[PDB]
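A lone chain, given as structure tokens: the form deposited in one PDB entry.
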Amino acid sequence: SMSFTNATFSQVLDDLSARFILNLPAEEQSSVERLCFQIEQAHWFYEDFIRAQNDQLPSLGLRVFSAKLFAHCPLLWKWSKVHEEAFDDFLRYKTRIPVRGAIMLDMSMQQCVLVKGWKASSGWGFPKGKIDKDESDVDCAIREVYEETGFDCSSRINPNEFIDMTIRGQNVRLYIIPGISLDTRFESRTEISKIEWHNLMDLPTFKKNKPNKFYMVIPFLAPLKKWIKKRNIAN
């Protein structure tokens, strides 16, 4: 779409409040837990879709975003009536679902591996998934990458090299793995429609000011870009 390419930040908060918060059912209106879910859905909508049409809009953490949305519409002020930090405190200590995966880069660090579902609505994303009980964070990333791309990264994954991202109520950690051969034959062990290399500079917002279907990719482009730059300067 283009509906946000010319919106101010205020007009974006206007849309996100009518789209997610203001018109909820009576009970979903009534619980702090229910509001956080809708705020997290809105934050994901802003980071994944709206910033793509307009990277002049800043990327924001969930807590800072929620604070600006809260200060935007006084109809939500009933919820921090007695404790102002209550809604931030709930967001801050809320236990979310851990999902783990990997950003696999080629040797030149200009391409990455993305997976697409079967549906036309499904967008490209990094191989990732929810953790099993007692599964370590690294074993989950290894299992998810191998289950979706058929590639075993257990010998090249670096447990200290990852990007953390709280998004859509998920605690997402993607480990960065460079040096993958472009000859790598991908196949799905599963759900997954295709696995493909994409050029990083073709992904939305990766270029400085150059505004098509991606899920939970764009929020990682800025920290990945810094990571590649630091390694690029080092080499």
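So that there is no doubt, residue numbering starts at 1 and follows the sequence shown. The term rigid core refers to the maximal set of C-alpha atoms that superpose within 1.5 Å between the two forms.
One more form of this protein should be noted, the form deposited in another entry, which is absent from this view; the next part is about it.
- Relative to the superposed rigid core, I218 undergoes a CA displacement smaller than 2 Å between the shown form and the other one.
- Once both forms are fitted on their rigid core, the CA atom of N199 lies less than 2 Å apart between the shown form and the other one.
- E85 shows a C-alpha shift of 2 Å or greater between the shown form and the other one [criterion: core-superposed Cα displacement of 2 Å].
- Compared with the form shown here, the Cα atoms of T166 and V82 move at least 3 Å closer together in that other deposited form.
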